[PDB]
Every structure is written in structure tokens, then in C-alpha cells.
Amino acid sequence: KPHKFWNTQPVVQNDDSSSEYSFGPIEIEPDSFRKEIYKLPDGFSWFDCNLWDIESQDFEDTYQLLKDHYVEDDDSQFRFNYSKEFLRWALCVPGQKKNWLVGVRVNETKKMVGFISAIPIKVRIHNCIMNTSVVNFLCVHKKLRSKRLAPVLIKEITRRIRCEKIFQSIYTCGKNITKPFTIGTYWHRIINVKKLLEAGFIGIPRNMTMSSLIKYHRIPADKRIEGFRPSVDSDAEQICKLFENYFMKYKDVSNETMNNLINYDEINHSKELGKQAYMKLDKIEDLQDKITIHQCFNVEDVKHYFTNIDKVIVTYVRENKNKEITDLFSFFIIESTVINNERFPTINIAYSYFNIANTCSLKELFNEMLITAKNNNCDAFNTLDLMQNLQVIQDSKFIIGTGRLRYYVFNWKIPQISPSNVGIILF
């Protein structure tokens, strides 16, 4: 069946017949976009969600909405239970705008029935760099589904983002909407066998028991790598350089292009000037084993994202004798509710974030990270096949998950690429 909203938006459609590998914006309309607030059905209202005071009623309403109505696995066995501390870390980022956190409320009862958010980030896409957005936590109350409310919330957040002179966005989905520029596969490393076995996540193969299963999913500790410790704020500048060196090494453009990236923020104000971001690629094979699109981090961003908050985010670095940082691993933590058992204990899952292995192999780095995940009472460690993570997944004890993660970019052209070419991690 055909789209009724997405067929009208500047994104590559599923039937695109482009005969060329091209990068660049799809449309350049700095002045023609709608600026008036969108209208909601009678008895509903917009509000800027107050996630700036963790004790606010807005925060309680948002937490409850997402706990009961946000993302479930494709088999409706588990639902995400984002904590307030996680949402604050994930949405109150540097440069965030108070009106990029959009809620929908029933006027008569003050019940919050909808939500959508965006955060600002910096990205490199091939030979361009820009300030862009990431849309996440789109949620509509279950009883209001299939009433064309989601396009309204999308149009609304788009208006608010464009009013900040930002005209692209990145967003992920478990299903196919339009054409995604890549599809990521996630994998599970079992840590707490007993918990996951009783939660219904894993079974028992023939001729095995929980004991032999615990023994098999054991995390090895016979070749530890010394020098890893939690990051602190004073590591920020060196973690910033560690990422820059990492993205410089895996770049998919020449050294000359990397030093003269096209700053789209300076040419998106004009239709003629913005076309300088058009870039044709003659050989898609030139991107093999390289990163084509990735987030960029300054020191203020590093301080926020690559910190340590109990039950939210974990970041470790490896040092040498001189206190210089040479490796980094990180994962964030989200609780998952068991849908058919409201009394089941807490299930905490770890999610691979950004990881840089220079003084050890990536498999060696992930083992240290798995040990640290065990120390943080995480029942499983989830990883996507992004960047170089395939090195850890192949010939391992990782188990394939049931779904796949589609990656989209709003108002930008990206040819279909491998997930290994992508350095973008959504929350």
C-alpha cells in the first residue's frame, strides 16, 4: 500500500530509480517552510516538555507514557522502561532547545498521550559536515493509534527544527518506512543465564541444563588487559583527540577533503549555494571498510556522552604509563519490562556505544567491556553490526536478535551502504 505522508517528504523513496551513487540535500528551501504551529484535534494541546527538573510532573508523565506505550520487540514479549535519569542524559544534551521536547496533552484531564523529541548533533556525511538533528522517542498512546497522529507530531518537530535553520535529521526504525541507507543487525551476548532463562528470553537446548548453559555463556577472565578505568571529566580533551584520530583513520574521503569539509550550515541559506554539497561517487567500492557517516564530538560533547552515570552510561579508557589515553569502550544501560509478568525482577540490558581499540584487538576490548557489564549487573550485552563490530560478532557466543534496525536520513541523499560504514548510535 502507498504512503500518505512519507511520499510527500524529502527522503529517498522505496522505488527510487537513481542510476548513480550521489550525496547531498534533496531539497533546499530555507524560506518556504511552514512556520505556524500545526493544529491538533479538538481537546488536545502542545506543550514543551519540562525535562529540565527531574521532579517535574512533565517528567513523570513522560516516563509513564513511555513505560507503557513505547517500543516493544516484534514478538511483544519485552518493552523498554527508560528511566528518568537515562532520558535526562539522552535528551538534555549540550545545545539542546527547550522546544525540541514536544508533548501532546488532553485538555480536560491533563493526560499526556503523545511525545516526540529531537537533539542537536554534529555529523560528517562524506565530504560535508553539519549541525543536524536526531529524532527519537516518538510515542503515541496505544488507544490513539492508527488515527494519523504520528505525522502531526513529525510535522510539528520538523517545524521547530527548521526554525533553528536545521534542515536534515537522522532517525531509526525497526520496520521499513522509506528506503533506508543501511540496515543494522543486532546481536545478544548472554551474561545472566538464570534471569534471561526465567524471563523467557532463552530456552534450553537438548541435553543441556541451566548449569551447563551458565558454564557455556561464561565470560572469560584468563587474559585480562590492564590499564582500563572509568573515564572522568579531565579525560575529555584526550577522548576528543582519540575520536578525531579514529575517524581520521577510517575516513572515506581523501586527506585533502577531510581538511576542507563542506560546512553545510554556511550554504543552506541559499538554493544555489546549497548545491555545492552535491557529490557524485563513481565507485561505491571506494567505501569498503571505511566510515561514511558518523557523529562528531567536541570536548563539551565528550564530557556529556562519554561519562559514567550509575545505571545509565559506562565509559572506560585505557592509559599508558604517561597517562595518555589509547583505548575506549562504552555502553549505555536500559531496563526492559517483561510484558506478560509484571512481577518479574529488573532486567538491565547493556548496549554497545562507541568503542576504539588501538592497543588491543576489538574482541579483546569487548571482553573487558563484557566483564564491566557483568560488574554493572547487566543481564545481556546487545551490539549492532556497526563500524568494525563484526570482528567481535563472528566466531563468538553472540546470538542473533529477532529484528533489524533501519537507518534513515531526512532531506539528504546517501547511497545504500554497509552498517560497517556507519558511526551513528541512537538511544
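We number the residues from 1 along the sequence you see. Here the rigid core means the biggest group of C-alpha atoms that line up within 1.5 Å when the two forms are laid on top of each other.
The rigid core fit leaves 209 to 217 as the farther-lying stretch in 4 other deposited structures of this protein, judged by Cα positions and set against 259 to 267 and 209 to 217. Take 140 to 148 and 335 to 343, fit the other structures onto the shown form by the rigid core, and average the C-alpha distances in 4 other deposited structures of this protein: the farther stretch is 335 to 343. For the two regions 123 to 131 and 107 to 115, the entry's Cα B-factors average higher over 107 to 115. Between the stretches 367 to 375 and 22 to 30, it is 22 to 30 that shows the larger average CA temperature factor. Set against one another, the Cα B-factors of 159, 311, 195, 283 in the record reach their highest point at 283. Across 261, 183, 219, 138, the greatest Cα temperature factor reported in the deposited entry is at 261. When the modelled residues of the chain are ordered by their C-alpha B factor, residue 8 lands in the middle third. Remark: residue 422 belongs to the lowest third of its chain, ranked by C-alpha B-factor as recorded. Sorting the modelled residues of the chain by their CA temperature factor places residue 383 in the lowest third. Residue 85: CA B factor lies in the lowest third for its chain, per the PDB record. Residue 169 sits in the highest third of its chain by CA B factor, as recorded in the PDB entry.
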